[PDB]
């Protein structure tokens, strides 16, 4: 019972079958002017079109990166420095991934004014804030499609309406792609972050999608690959695998998602039968793969490791789990107190979960809670 798909996924065998030839047989460099180079370019471009098509991205360009982290870095830093002349004011949602927040914080030292958009109790972004805080010098708004931590889906279309072409809209879609419909036209994205391993592709590759006419400066500098926006000999095999995964996701996703939504619901309706359990994130506007709960009187790392002795992988937002000893900023943003983020348990579902896994989670969990509770001074 692996219930930790937010942090890492397996590569689909189909993706692995398309990758392998590029690793040993057709290993050429896309910039080489010979056959091996020409096969290399053609596969890279094929992939580029498959990632565009997944998101309906023909109105702009695909830039490959080492993952969602770098693409987020490039979209925030790269867009801001390049369009600084039209203003230095930025809005960034309070629940964004740290790969958007930290680039944001770097620009605050470089003379940009950043305001962080609060969320309500369900982790949903406050749209009236954006509307009021918007100025002649706002050049960029970054707001995720959905939260990987609490599963909340954000109001991007509205936001897009509000911004109504006064400022660039950057959308981190690492969480949403393959879960719910991701269409850059419908949602009015100017820049969109995509992640390969979130759609069962290989780790170590990603994409930023950039609408035509958006200009950026590059963050990784060298030989001018990706038209200058991202230097470095191309990781042809990962790109091809990214491409196979995109193809698979486009054809399979709606079925995959209805199956995860049912498993999720089945988990929620039974997990909330434990005394003192609460759901975090929105109950309805919620990714098909996301269950995030808390249990009073006990600590998160201890729930997660009890499950792991039974054979069940999960995740927590507890300060005790961090290493800097700080709870989740997503959880604090929603107005949870430090006390209550302690007992959080995050199950994220994915492609290889069975009804057997849920059975297992449902038979092991109540006893874990009861065991830990019997040892808690708090209970």
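Numbering follows the first chain given and starts at 1.
Stretches 250-258 and 108-116 differ in mean C-alpha B factor, with the higher average recorded for 250-258. Highest CA B-factor among 273, 244, 145, 170, as stated in the entry: 273. Taking only the listed residues 99, 152, 277, 193, the entry reports the highest CA temperature factor at 277. When all modelled residues of the chain are sorted by CA temperature factor, residue 174 is found within the lowest third. Compared with the other modelled residues of the chain, the Cα B-factor recorded for residue 29 ranks in the middle third. Remark: residue 285 belongs to the highest third of its chain, ranked by C-alpha B-factor as recorded.
Per the PDB record, residue ranking by Cα B-factor puts residue 140 in the lowest third of the chain. Annotation for residue 50: CA B-factor lies in the lowest third of the chain's modelled residues.
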